[PDB]
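Only one structure is covered here, and it is reproduced in the block below.
2 protein chains.
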Amino acid sequence: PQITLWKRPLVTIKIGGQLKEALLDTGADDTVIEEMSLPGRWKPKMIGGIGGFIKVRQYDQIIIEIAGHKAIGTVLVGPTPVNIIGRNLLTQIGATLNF
Amino acid sequence: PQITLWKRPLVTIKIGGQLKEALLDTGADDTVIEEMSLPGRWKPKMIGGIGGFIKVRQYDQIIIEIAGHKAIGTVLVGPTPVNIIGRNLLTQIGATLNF
Ligand SMILES: CCN[C@H]1CO[C@@H]2OCC[C@H](OC(=O)N[C@@H](Cc3ccccc3)[C@H](O)CN(CC(C)C)S(=O)(=O)c3ccc(OC)cc3)[C@@H]21
Ligand SMILES: [Cl-]
Ligand SMILES: [Cl-]
Ligand SMILES: [Cl-]
Ligand code: NA
């Protein structure tokens, strides 16, 4: 699809067996999801943005379905105010910015 | 252009006659730039990001060139970690996300 940017580019995702709304975010290096449980190993990480840093759990090799497209990669889990799909998974679904 | 997301989608912008680097950010509603001098009056605005809220200065109807495309609109100035081009100006340059 082609998503215009008049409105937030929100899509439905499936992660950890749950459906969630997430923002397709080209200004995010990494994917960050609100608190939830994921299977396997994780390690702590700090990530920063406007407002400063938050502590997150880093899970690697997680499958996510993004608007119907399956991708695998690292997912950060922590107290983010919005679920964000960052470049590490946007690349896997072939997303590009065009103008 | 068609911009992939394997690296940060950084572009050159021109504002106040200065060249700067900025991030095309579909996750940002608004454009936020690091501290600089802009003409005219400003208005207060509180913006929230991943680590919390910051106060910024809101300047309206500012001329800004973005990867060679002319835009005129609102620019927020404040302690952002990186210059961010948000949806308010990505729509002015015709940008869309595609996959
Ligand atoms: C209330 C919403 N206002 C937000 C919405 O737009 C507003 O205007 C612009 C400034 C602020 O927007 C954001 O902070 N946008 C966030 C994504 C984001 C969206 C919503 C809430 C929080 C974050 C960005 O798209 C991605 N951010 C990075 C950029 C600030 C460089 S980030 O979420 O902090 C980030 C993500 C992954 C990551 O891995 C290393 C590291 C950092 C305001
Ligand atoms: Cl990854
Ligand atoms: Cl590619
Ligand atoms: Cl505007
Ligand atoms: Na894992």
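Order-wise, the sequence lines are chains A and B.
Numbering-wise, the first sequence is residues 37 to 135 according to our numbering.
Numbering-wise, the second sequence is residues 37 to 135 according to our numbering.
Just so it is clear, CB atoms sit at the ideal spot from N, CA and C, and this is done for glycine as well.
If you compare alpha carbons, which of the options is closest to residue i?
i: residue 99 of chain B; options: B:129, B:39 and B:82; result: B:129
i: residue 73 of chain B; options: B:131, B:50 and B:113; result: B:113
i: residue 120 of chain B; options: B:102, B:89 and B:87; result: B:102
i: residue 47 of chain A; options: B:62, B:110 and B:125; result: B:62
i: residue 71 of chain A; options: A:37, A:111, A:126 and A:86; result: A:111
To the nearest angstrom, report how far apart residue i and residue j are at their CA atoms.
i: residue 118 of chain B; j: residue 64 of chain A; result: 12 Å
i: residue 108 of chain B; j: residue 115 of chain B; result: 22 Å
i: residue 54 of chain B; j: residue 97 of chain A; result: 42 Å
i: residue 79 of chain B; j: residue 93 of chain B; result: 6 Å
i: residue 69 of chain B; j: residue 106 of chain B; result: 17 Å
i: residue 40 of chain B; j: residue 76 of chain B; result: 36 Å
i: residue 43 of chain A; j: residue 81 of chain A; result: 31 Å
i: residue 67 of chain A; j: residue 83 of chain A; result: 11 Å
i: residue 57 of chain A; j: residue 134 of chain B; result: 18 Å
i: residue 122 of chain B; j: residue 52 of chain A; result: 30 Å
i: residue 88 of chain B; j: residue 95 of chain A; result: 23 Å
i: residue 60 of chain B; j: residue 91 of chain B; result: 21 Å
i: residue 104 of chain B; j: residue 131 of chain B; result: 13 Å
i: residue 49 of chain A; j: residue 49 of chain B; result: 33 Å
i: residue 45 of chain B; j: residue 125 of chain B; result: 15 Å
i: residue 38 of chain B; j: residue 86 of chain A; result: 27 Å
In terms of residues, what are the limits of the beta strand (DSSP E) holding residue i?
i: residue 126 of chain A; result: Counting along the chain, residue 126 of chain A falls outside any beta strand (DSSP E), though it belongs to the alpha helix (DSSP H) covering 123-126.
i: residue 58 of chain B; result: 54-60
i: residue 46 of chain A; result: 46-51
i: residue 132 of chain A; result: 132-134
Which one or two residues does DSSP pair with residue i in a beta bridge?
i: residue 106 of chain A; result: A:101
i: residue 82 of chain B; result: B:91
i: residue 39 of chain B; result: A:133
i: residue 68 of chain A; result: A:112 and A:120
So residue i contacts chain A; which residues on that side make the cut at Cβ distance below 9 Å?
i: residue 80 of chain B; result: Ordered by position in chain A, no residue passes the 9 Å Cβ test against residue 80 of chain B, which lies about 16 Å from the chain.
i: residue 134 of chain B; result: 37, 38, 39, 130, 131, 132, 133 and 134
i: residue 120 of chain B; result: 63 and 86
Strictly below 7 Å CB to CB, what residues from chain B border residue i?
i: residue 107 of chain A; result: Chain B residues near residue 107 of chain A: none, gap ~11 Å exceeds 7 Å.
i: residue 123 of chain A; result: 41
i: residue 59 of chain A; result: 63
Residue i versus chain A: which residues are under 7 Å apart at the beta carbon?
i: residue 100 of chain B; result: Near residue 100 of chain B there are no residues of chain A at all, since even the closest Cβ is about 15 Å away, more than 7 Å.
i: residue 83 of chain B; result: 86
Can you pull the chain B residues whose beta carbon is under 9 Å from the beta carbon of residue i, in chain order?
i: residue 110 of chain A; result: The contacting residues do not exist; residue 110 of chain A stays about 15 Å from chain B at best.
Kindly list, in the order they appear in chain B, the residues whose Cβ is closer than 8 Å to that of residue i.
i: residue 127 of chain A; result: 40, 41 and 42
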